[PDB]
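*Asks:* Below are the structure tokens for one structure; questions will follow.
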Amino acid sequence: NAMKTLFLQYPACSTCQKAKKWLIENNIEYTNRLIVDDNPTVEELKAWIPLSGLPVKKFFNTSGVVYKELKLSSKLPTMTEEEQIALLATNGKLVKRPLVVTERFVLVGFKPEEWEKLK
Amino acid sequence: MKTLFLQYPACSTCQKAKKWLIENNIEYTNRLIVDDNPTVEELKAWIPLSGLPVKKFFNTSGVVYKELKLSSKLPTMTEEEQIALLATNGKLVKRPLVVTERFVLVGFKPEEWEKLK
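First to last, the sequence lines map onto chains B and A.
Note that PDB author numbering gives residue 106 to position 108 of the first sequence, counting from 1, and the numbers run on in steps of one.
Note that PDB author numbering gives residue 12 to position 12 of the second sequence, counting from 1, and the numbers run on in steps of one.
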């Protein structure tokens, strides 16, 4: 069922295309979602981050221009998780992509070694 | 290098960890995590190596953790504040910890300790 795997991406992004190619190659049904047009909300981020097992900074798009001009490189430490999550929910360009969300795990960016948990 | 195995004798998960390292022929050096507690310099290097949030290095069954309501508090604290707290006393740190040059493991999840060859 495609409703059990949520794929959040930005279609012009090069890592996304690769990931999407991998999901189809591997026969994984999923539900598409545009991370920028329909950006993660606080309530989502607050469920997705713990499931990912990763630091909240790992959910930042550090290749982004929006990241760059808000100087988040320097600012992120000085921010609490609450503040970092609140920020993330304000702009989808700020969120790492792609993300895949399932009931048991969340994957951040495209790491084929890790995306195998979906098989 | 040495493989530090930081633990608390009376803890049953550390006991399970130790049992697993011996069973699986992995060479380690025992360290008492309470008596010989992780320093700020150790935490600042170990935390990046584990790939976990700083949050995950807290002993969630310790007395300070519970009495300070550290589950509701920790997200209101910066990484640096969390590390300075963690360094104050060994009973605050999640156990067991295994430390090598390549990586750091926190708590005992048998599948993840596969990295130890």
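Backbone N, C-alpha and C define an ideal beta-carbon position, used for all residues, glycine too.
Does the distance from the C-beta atom of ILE22(A) to that of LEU116(A) stay below 7 Å?
*Replies:* The count along the second sequence starts at 1 and reaches residue 22(A) at position 22. The count along the second sequence starts at 1 and reaches residue 116(A) at position 116. Not in contact: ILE22(A) and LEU116(A) (Cβ atoms no closer than 7 Å).
*Asks:* Along the chain, where does the beta strand (DSSP E) that runs through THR13(A) open and close?
*Replies:* Numbered from 1 along the second sequence, position 13 holds the residue referred to as residue 13(A). Element bounds for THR13(A): not the beta strand (DSSP E) but the alpha helix (DSSP H), 12 to 23.
*Asks:* Helix, strand or coil for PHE5(B) per DSSP?
*Replies:* For the purposes of this step, residue 5(B) is taken as residue 7 along the first sequence, with counting starting at 1. Looking at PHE5(B) - three-state DSSP - the assignment turns out to be strand.
*Asks:* Quick one: does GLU23(A) have its CB under 7 Å from some CB of chain B?
*Replies:* Numbered from its first residue, the second sequence carries residue 23(A) at position 23. No, because no Cβ of chain B sits closer than 7 Å to the Cβ of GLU23(A).
*Asks:* Closer than 9 Å by beta-carbon distance: list the chain A residues that pair up with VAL106(B), in chain order.
*Replies:* Looking up residue 106(B) in the first sequence gives position 108. Correct list: empty, because the minimum Cβ distance to chain A is about 11 Å.
*Asks:* Report the neighbours of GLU79(A) on chain B: residues whose CB is nearer than 7 Å to its CB, in chain order.
*Replies:* In the second sequence, counting from the first residue as 1, residue 79(A) sits at position 79. Simply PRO75.
*Asks:* What are the residues of the segment 16 to 43 of chain A that lie near chain B, defined by any Cβ-Cβ distance shorter than 9 Å?
*Replies:* Answer set for the segment 16 to 43 of chain A: empty.
*Asks:* Using a Cβ-Cβ cut-off of 6 Å (strictly less than) and excluding sequence neighbours within five positions of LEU74(A), which residues of its own chain qualify?
*Replies:* Within the second sequence, residue 74(A) is the residue found at index 74, counting from 1. Cβ neighbours of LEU74(A) beyond the five flanking positions: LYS55.
*Asks:* Among the residues of its own chain, which have a CB less than 8 Å from the CB of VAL104(B), if the five just before and after it don't count?
*Replies:* In the first sequence, residue 104(B) corresponds to position 106, counting from 1. For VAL104(B), where only same-chain residues beyond five positions count, the Cβ hits under 8 Å are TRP46, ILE47, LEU49, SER50, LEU97 and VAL98.
*Asks:* Just to check, is the beta-carbon of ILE22(B) closer than 6 Å to a non-hydrogen atom of the ligand GDP?
*Replies:* For the ligand GDP, the structure offers nothing, since it holds no ligand at all.
*Asks:* Hey, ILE83(B) and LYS44(B) are a contact pair by Cβ (cut 8 Å); roughly how many whole angstroms apart?
*Replies:* Numbered from 1 along the first sequence, position 85 holds the residue referred to as residue 83(B). Numbered from 1 along the first sequence, position 46 holds the residue referred to as residue 44(B). Correct: roughly 6 Å between the Cβ atoms.
*Asks:* Rounding to the nearest angstrom, what Cα-Cα distance links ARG31(A) and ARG102(B) in this structure?
*Replies:* Within the second sequence, numbered from 1, the residue matching residue 31(A) stands at position 31. Within the first sequence, numbered from 1, the residue matching residue 102(B) stands at position 104. C-alpha separation (whole angstroms): 34 Å.
*Asks:* First and last residue of the alpha helix (DSSP H) that includes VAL93(B)?
*Replies:* In the first sequence, the residue the question calls residue 93(B) occupies position 95. First-last for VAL93(B): undefined, no H or E at that position.
*Asks:* Using the beta-carbon of each residue, which ones in chain B are nearer than 8 Å to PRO110(A)?
*Replies:* By 1-based counting over the second sequence, the position of residue 110(A) is 110. The premise fails here: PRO110(A) is roughly 16 Å from chain B at the closest Cβ pair, so nothing lies under 8 Å.
*Asks:* May I ask you to list the residues that DSSP assigns as paired with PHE58(B)?
*Replies:* Position 60 of the first sequence holds residue 58(B). Note: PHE58(B) sits in a beta bridge opposite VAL93(B).
*Asks:* Would you report the Cα separation of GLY90(B) and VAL34(A), rounded to the nearest angstrom?
*Replies:* In the first sequence, the residue the question calls residue 90(B) occupies position 92. In the second sequence, the residue the question calls residue 34(A) occupies position 34. So the two alpha carbons sit approximately 43 Å from each other.
*Asks:* I'd like to check one pair, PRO38(A) with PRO53(B): are the Cβ atoms closer than 7 Å?
*Replies:* Along the first sequence, read from residue 1 onward, the residue named residue 53(B) stands at position 55. Along the second sequence, read from residue 1 onward, the residue named residue 38(A) stands at position 38. In this structure, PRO38(A) does not lie closer than 7 Å to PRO53(B) by Cβ.
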